[PDB]
Structure formats: C-alpha cells, structure tokens
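As structure tokens, the structure follows; a few thoughts come after it.
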Amino acid sequence: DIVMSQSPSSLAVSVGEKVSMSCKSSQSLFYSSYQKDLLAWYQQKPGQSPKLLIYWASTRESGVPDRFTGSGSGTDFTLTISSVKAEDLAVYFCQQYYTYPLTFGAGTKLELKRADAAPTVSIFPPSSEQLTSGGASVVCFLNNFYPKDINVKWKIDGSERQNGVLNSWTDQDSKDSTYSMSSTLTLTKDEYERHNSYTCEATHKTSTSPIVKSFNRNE
Amino acid sequence: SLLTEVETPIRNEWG
Amino acid sequence: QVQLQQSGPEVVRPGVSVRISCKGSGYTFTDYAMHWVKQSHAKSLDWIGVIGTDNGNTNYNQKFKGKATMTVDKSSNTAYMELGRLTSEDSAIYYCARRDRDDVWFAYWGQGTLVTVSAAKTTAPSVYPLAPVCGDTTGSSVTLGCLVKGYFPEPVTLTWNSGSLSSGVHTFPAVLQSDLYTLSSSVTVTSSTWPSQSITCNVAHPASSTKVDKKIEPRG
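Chains as they are written, first to last, in the deposited numbering: chain L, 1 to 219; chain X, 2 to 16; chain H, 1 to 220.
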C-alpha cells in the first residue's frame, strides 16, 4: 500500500505565522494524462467529519480561504497556511487517490503556542465511601501545564506500579492554552491498606527533576 | 474486464 | 444540496455483527460509488472499501477483508455496511463518503456513525468526594476533587455548587476501566475560604436516573 507520512504530528502555532506541513508518499502520485498529482488535503475539527481543502495537490475547493496553498509534485507535498488564524486550529490530513486501497497520513495537529508551564500536582487518597464498598482509587491531578507531553509514574512504598493506572488528558484549554491530566491508580481495598506511602511523580520539560506528591495512608 | 470507480479511483480510467 | 445521512450510534456486544446505513440524497445516487472510512478515536482515517451503487460490485481494503461487507438498495438510495464479529478494536466512528465529479477525493462525507463494542449493561456510578491532604495546597490555592466511577453508558454531567463554581475546574474525559466508565473532576479555590464556604460535587447519570450530590468534607 502507498504509505503517506505526515510531519510534524503536532505543531504549535501563533496567529499570523506562516505554517507549513509535510506529507510524503512512498510512491509518486503524478498522473500524466491530467498533468496533476493525485493528492488531497483535509481539515478536521473535534466532533466533525473531515472537510476537503485541496485536490490534485494544489486546487482549493470552493469556499476554502485563499490563505491555504497546496504544493509539491511526485512524492513530497506541502500544505501552507500563509497567515494562520485561530479558526485554523484543527488536524490536517493528506490522502492519495493514485490507487486502491486509498490511504491517508496520520495527520498534523495545529495547537496554540504559549509559554512552557509546569503542572500543579495534587494527590487524593480513597474516600471512606469507596473503601466501604471494597475498592480503592488514588487520584493524581496534573493541572495547567504546557507543552502537552508529560509522564506520570506511580510508586507504592517506594516501588513503581504500572498495573491499575488509567490516565485522561484534556484538550488544549480554550482560554489559557494549557493542558491538564488526571492519573488514577485503582487497587483493592485489601492491597491499598497493606501499603503506606503513595506517590505520584510528574516528569515534564519544565523541570530537570520530577514533581512529587505523596501521602502516607496512616497519616 | 471494464474499469469503474470500484476498481480504480482515477476517473480517466473508467470505460 | 448533496447530503449523506447516516444511521445513529450503536452499542454492540462483542462477537456479533452490526449493520449501519448511509442514505444519499440531492444527487443521482447511481452516478457515484459509496466509500466507507473508519476513524478510531483520536486516530487516523482508514479507507475500508467501495461499493458501486450502479453495479453492486465491491472492493475492500485487504485490512478489512472478512470484517466488512457492503451492500446497496438502489431503490432507497441507501448503502449499508455490515461489520462482523465485533471486537473492541472495531469501536470507532464510521463515515460514508463520495467523490465530487472527478477522481476519488472526498468532497462529501456523512456525519458518521459511532460504534461502541461493549457487553456492559446500564450501571449507575459511585460518586466519591476527594478531600485534600498535605501538598494539595499550592500557594493560596487548594484543590478538591470528585471521582465518578463504574458507570455505563456515557454521559454523566458533573457540576460544582450546582454550576455556581465554574472557574478553576477541570473535568476530564471519561475512560473505560474493565468495561465501565470513570471520570474525575478537580476544583481549585482560595484556601482560607474552605471549608468555611462549602463545596459540593453534583453528578447526574441519565441512563440510570441517578442524581447525586457529594459535599467535600475535611479529613479530620
């Protein structure tokens, strides 16, 4: 199959910047009879179907603003937004139609640049109510950080746990451009009461060392 | 063995 | 006024099949094949295959051979896709789409059909207040939370102080653990103000007709 490789996967942008993103196909898409390349671009926002932007590598679909330009021929294609607007924050995909199966790149997501920000971290023991029902969840919140890449590590007593850990990330905040994440460690009531120290550790670009929040169940 | 949109995505190639 | 109108969302048990539909209106149905596209949540797009609306012939992406079947009822301007012997990998939004007047780029898309593969039954959440411990105040800001666990299906609604506390709130998307959903929310307020001024999580799960309020109480 024709492999479509998009990069970067994410791009932090500022309103008014020229933005460029790359789509490379594993084979030439040039079709001589037309003298066109068989490549399209799409825009997709959360909760919506993809919208066609460009076809034959460089024709704008009707209604698409003239700040969107497609370029390239052969294998190496580019979607350029000459002066990016806030309404252009979306995922952009390329697609070949040289042959079946049709194939799409993995997308380039445009997010808004802001200054880097470490997370505010908080940790929460199981409620008495949950314990009474025989379960135990330890919750860590890592709030209002930037950029989105972050790693959370749980430790119990002093040893790292992978099992029972589920994470959820917000999308980029529409007012402050930060990200937030919740990490929840779920155990049996029995297991939870056998240990004492619970620790959540956040590693992020903004610190050379982790932010550590911990509690002792006894205390 | 006629070509249609089922066999190829290229409009030029359909019989 | 080309419209591709898809059937509504489906919750389907693992191991059975589901039939989804796409009705084309505002154009000559038989002049354009119907294509289908999978989008796994937060993922890319995968072309599943194509069916000729005129000839009924099909061409499946080999990645979906034996998973997907496509049919058409020309008399109804409706195309159908059958997804067989479902697993959790099959959970996704499925689109129908068609070309414009030339080659197969997708000028028109349906609105999508959401397929969720689960054996779960309707289940009320447990709602637990999360009261802070040492380290949960940073500067003059204290963070409190609310944990909403073990419900099905989506959605729940969570508020604080019946919607009066809205700034300083982070409510996280639901995720699946085992085969039930869990969600949490955090709220952050000026420390001196709590517990003097009460803070309560309000949670509603319509499918089970549950509505619970949990006041956050100091660990004492």
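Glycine is no exception: its CB is placed at the ideal position from the N, C-alpha and C atoms.
Taking 8 Å as the cut-off between beta carbons, the residues of the segment 122-137 of chain L near chain H are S122, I123, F124, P125, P126, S127, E129, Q130, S133, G135 and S137, in sequence order. Taken atom to atom, the span from the alpha-carbon of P9 (chain H) to that of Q48 (chain L) is near 15 Å. Sequence-distant Cβ neighbours of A106 (chain L) in its own chain, meaning closer than 7 Å and more than five residues away, are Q6 and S9.
With distances taken between CA atoms, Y55 (chain L) lies nearest to L:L29 out of L:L29, L:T186 and L:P46. Listed as beta-bridge partners of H35 (chain H) by DSSP are H:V50 and H:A97. The DSSP assignment places complete beta strand (DSSP E) segments of no fewer than 3 residues inside the segment 161-210 of chain L at 165-169, 179-188 and 197-203, in order along the chain. Under the three-state reduction of DSSP, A174 (chain H) is assigned to coil, being neither helix nor strand. Counting of Cβ neighbours within 10 angstroms places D103 (chain H) among the buried residues, the total reaching 16 or more. For the pair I211 (chain L) and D136 (chain H), the CB atoms are not nearer than the 8 Å cut-off. Near chain X, meaning a CB-to-CB distance below 8 Å, the residues of the segment 26-41 of chain L are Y31, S33, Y34 and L38. Taking a contact to require three or more Cβ pairs closer than 8 Å, the segment 29-44 of chain L and the segment 112-128 of chain L do not qualify as touching. Leaving aside the five residues that flank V64 (chain L) on each side, the residues in its chain whose CB is nearer than 6 Å to its CB run, in chain order, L53.
Where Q1 (chain H) is concerned, there is no enclosing beta strand (DSSP E), because DSSP gives it neither an H nor an E. By alpha-carbon distance to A79 (chain H), the top candidate from H:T122, H:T30, H:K23 and H:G112 is H:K23. Listed in chain order, the non-local C-beta contacts of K155 (chain L) below 6 Å within the same chain comprise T199, local neighbours out to five positions each way being set aside. When secondary structure is reduced to three states using DSSP, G145 (chain H) falls in the strand class.
Residue pairing for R60 (chain L): DSSP places it in a beta bridge opposite L:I54. Shortest Cα-Cα distance from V72 (chain H) to any of H:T53, H:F64, H:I48 and H:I199 involves H:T53. Bridge pairing for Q44 (chain L): L:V91 [DSSP]. In chain order, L4, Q5, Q6, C22, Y95, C96 and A97 place their CB closer than 8 Å to the CB of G110 (chain H), counting only its own chain and leaving out the 5 sequence neighbours on each side. Under DSSP, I156 (chain L) takes part in a beta bridge, and its partners are L:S159 and L:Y198. In terms of CA proximity to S159 (chain L), L:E201 leads the group L:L112, L:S137 and L:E201. By the Cβ rule, the segment 75-84 of chain L does not count as touching the segment 124-132 of chain L, because fewer than three pairs are nearer than 8 Å.
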